[PDB]
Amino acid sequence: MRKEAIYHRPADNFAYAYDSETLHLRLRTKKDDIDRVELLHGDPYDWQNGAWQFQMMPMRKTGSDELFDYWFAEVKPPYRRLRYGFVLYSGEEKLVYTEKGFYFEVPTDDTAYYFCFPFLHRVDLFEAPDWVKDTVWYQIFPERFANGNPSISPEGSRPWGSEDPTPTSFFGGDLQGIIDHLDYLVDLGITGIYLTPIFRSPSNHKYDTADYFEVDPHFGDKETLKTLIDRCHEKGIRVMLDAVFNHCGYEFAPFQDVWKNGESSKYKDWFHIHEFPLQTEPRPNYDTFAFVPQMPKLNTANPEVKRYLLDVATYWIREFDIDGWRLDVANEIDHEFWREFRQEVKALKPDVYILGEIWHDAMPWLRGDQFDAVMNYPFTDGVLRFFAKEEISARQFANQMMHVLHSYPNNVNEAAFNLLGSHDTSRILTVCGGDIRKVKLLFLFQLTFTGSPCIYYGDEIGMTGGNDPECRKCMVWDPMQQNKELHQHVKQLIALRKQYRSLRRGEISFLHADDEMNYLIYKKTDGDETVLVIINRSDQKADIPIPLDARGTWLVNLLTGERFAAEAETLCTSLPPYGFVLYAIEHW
């Protein structure tokens, strides 16, 4: 066995409380290097006859990435205290992996050798709002969804969908237009809406905020926003707004004061200023979002700033009853602020979903004291590389999915915001080079994956476009221009997801087929039901062997409803080019 590939450390994704009485422990080792692994565990103070009392529990291999095998075990400490280790077996070789290193047999003269999970506290438990787990989100960029009130449209607004958008063009989309098209979303099966910024700002995207306490006049007023939220609630749709707390806009009052009065302004500490007076040339002498002068970075360490943003955060919840806050550039704002943010938000309305925009590994923000989840862009990356660009094999895709999922605790993955694109990415149909068959596969995977998926407006009807701003075209309402095949496909999958719990909250496992290149086979299971998905990611028909025992095993096609029994101990599934099939499994 290779000791250099064995790893565990008491925190993050390797050791965490799943609930008030249960702990989850993981261990990773070199793939196929270990035959069996057992968790050695016991209460730190449980002694009898002068010997430490501990037991052995076999661990299950939950999956593996390109380099490692991941092992899992759940344990309910008798007194909520635990000292543990790992015993690995390979042939006649045995290793005991502990915090103090490796041993060849279990040392029991003391507990100091072992890893420790001191005490399971309910207060430190990671707990996201349960309702998001069954939710399917729909992201809307307000300036481009629907012009429901022409009288408030920006002057210079272009005819709807008359031309591709630019960084400064306006088409007159507003909040009323969203209200007017809610039945379209209900029919689709959407139960959650995520809106990009809607507070006063001069731009079409509004990430350069002028006033966080005012709805942009071009989008509507507070009365209209309230009606929108109330109407969504009546129809069973939760609403999440965009919080741009990392930076403000050039027209933000406090910034204007500092821009004019420099170091004597009482708002100078509200920002990250390097020298006075402020300037934008040759470059800004203050921190900004990226290198954008009109987006001054806010000092969230300043008491007055924190008070203001926390007031903003609770105001919209208290007065408008929103259901979530999507945090713009969340990773660039300090942890101290995010902890206070959670405390005040959750104290007001525990149901509010706290979603951070972080495109990379976000474990530091997912320990339970800050966010409920992050926009899962790493998932986006992997799914697009396999289904859209076909850059990696099915084997490599499974490895990447196993890699990212095992990088986090199970309860964290259960609340993950799994998207395929957004206002900050190219359109999936375009990433797919215009092949609807590939887009159908993207939706199939997304909608059968555990978590809280989000659909970018227009992707369900085949809208096209490159990256920002090309991906922000006016929503296509003309039924003659909407791709009917895709819309029906999405509606169908969302319905299925709502009907099968394993798709929404189950564990995922990948089965290795003969052709580990184009055939993807995976299962979703929650202990009560099991759904098998088989995908032929190739332009040729395929006969794919399904690795499952045929003893008393019955399958039910979820799309056609057809029931049939297996027998060949490995039934053969025949699929047309880019075809796919889903089966509910029955063991009688």
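Start at 1 and count along the sequence shown; that's the residue number.
If you take the mean CA temperature factor per stretch, which one wins between 492 to 500 and 274 to 282? On average, C-alpha B-factors are higher across 274 to 282.
Do the CA atoms of 170 to 178 or those of 260 to 268 have the higher mean B-factor in the entry? If you average the C-alpha B-factors of 170 to 178 and of 260 to 268, the larger mean comes out for 260 to 268.
If I read the C-alpha B-factors straight from the PDB entry, which of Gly462, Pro364, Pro129, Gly91 is highest? Comparing C-alpha B-factors across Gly462, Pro364, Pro129, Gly91, the top value belongs to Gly91.
Going by the deposited entry, which of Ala373, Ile322, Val106, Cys248 has the highest CA temperature factor? Answer for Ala373, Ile322, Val106, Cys248: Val106, with the highest C-alpha B-factor.
Position of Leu520 among the chain's modelled residues by C-alpha B-factor, lowest, middle or highest third: For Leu520, the deposited C-alpha B-factor lands in the middle third.
Of the three thirds of its chain by CA temperature factor, lowest, middle or highest, which one includes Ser162? According to the entry, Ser162 has a C-alpha B-factor in the chain's highest third.
Among the modelled residues of this chain, does the Cα B factor of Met295 put it in the lowest, middle or highest third? CA B-factor rank for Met295: middle third.
Mind checking which third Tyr457 falls in for C-alpha B-factor across the chain? Its C-alpha B-factor belongs to the lowest third of this chain's values.
Consider only the C-alpha atoms of the modelled residues in this chain, order them by B-factor as the entry records it, and name the third containing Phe580: lowest, middle or highest. For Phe580, whose C-alpha B-factor we compare with every modelled residue in the chain, the answer is the middle third.
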